[PDB]
Amino acid sequence: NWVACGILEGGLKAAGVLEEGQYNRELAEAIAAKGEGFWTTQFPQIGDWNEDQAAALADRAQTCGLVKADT
Ligand SMILES: C[As](C)(=O)[O-]
Ligand SMILES: C[As](C)(=O)[O-]
Ligand SMILES: C[As](C)(=O)[O-]
Ligand SMILES: [Zn+2]
Ligand SMILES: [Zn+2]
Ligand SMILES: [Zn+2]
Ligand SMILES: [Zn+2]
Ligand SMILES: [Zn+2]
Ligand SMILES: [Zn+2]
């Protein structure tokens, strides 16, 4: 619903990953970049988790109509 999607929108804006006219792929990339840190650099599995969760979150953002579908 709009409330859940709005909370998601606000949070992503506040985290500095969501912007205007952004495609799903771009949002996912921005989230993964902000998720990088000591653990993603040291362990492949953590780096993969970061990318997979980022993609999943961007997907939820798209469903919430916050980003454009990849074409
Ligand atoms: C794995 As994707 C960026 O098509 O949701
Ligand atoms: C299901 As999709 C539009 O995130 O590849
Ligand atoms: C159209 As919008 C989700 O960038 O306010
Ligand atoms: Zn907006
Ligand atoms: Zn806008
Ligand atoms: Zn790119
Ligand atoms: Zn990467
Ligand atoms: Zn391991
Ligand atoms: Zn997806």
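Mind the numbering: the sequence shown is residues 18 to 88 in the authors' numbering, read in order.
Think of the CB as a built atom: it goes at the ideal place given N, C-alpha and C, for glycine as much as any other residue.
Looking at ligand 2, does it come within less than 8 Å of residue i, judged from the CB to the closest heavy atom?
{"i": "residue 96", "result": "Because residue 96 is not part of the residues shown, which for the chain are 18 to 88, the question remains open."}
Nearest CA to the CA of residue i: which residue from the options?
{"i": "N18", "options": "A78, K85, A32", "result": "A78"}
Spatial neighbours of residue i within its chain, please: C-beta separation below 6 Å, excluding the five flanking residues on both sides.
{"i": "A75", "result": "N41, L44, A45"}
{"i": "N67", "result": "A49, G52, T57"}
{"i": "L83", "result": "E26"}
Does the beta carbon of residue i fall short of 8 Å from some heavy atom of ligand 4?
{"i": "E43", "result": "no"}
Does ligand 1 have a heavy atom nearer than 8 Å to the CB of residue i?
{"i": "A72", "result": "yes"}
{"i": "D65", "result": "no"}
Keeping to the same chain, check which residues put their C-beta closer than 7 Å to that of residue i; ignore five residues upstream and five downstream.
{"i": "residue 5", "result": "The chain is shown from 18 up to 88; residue 5 falls before or after that span and cannot be answered."}
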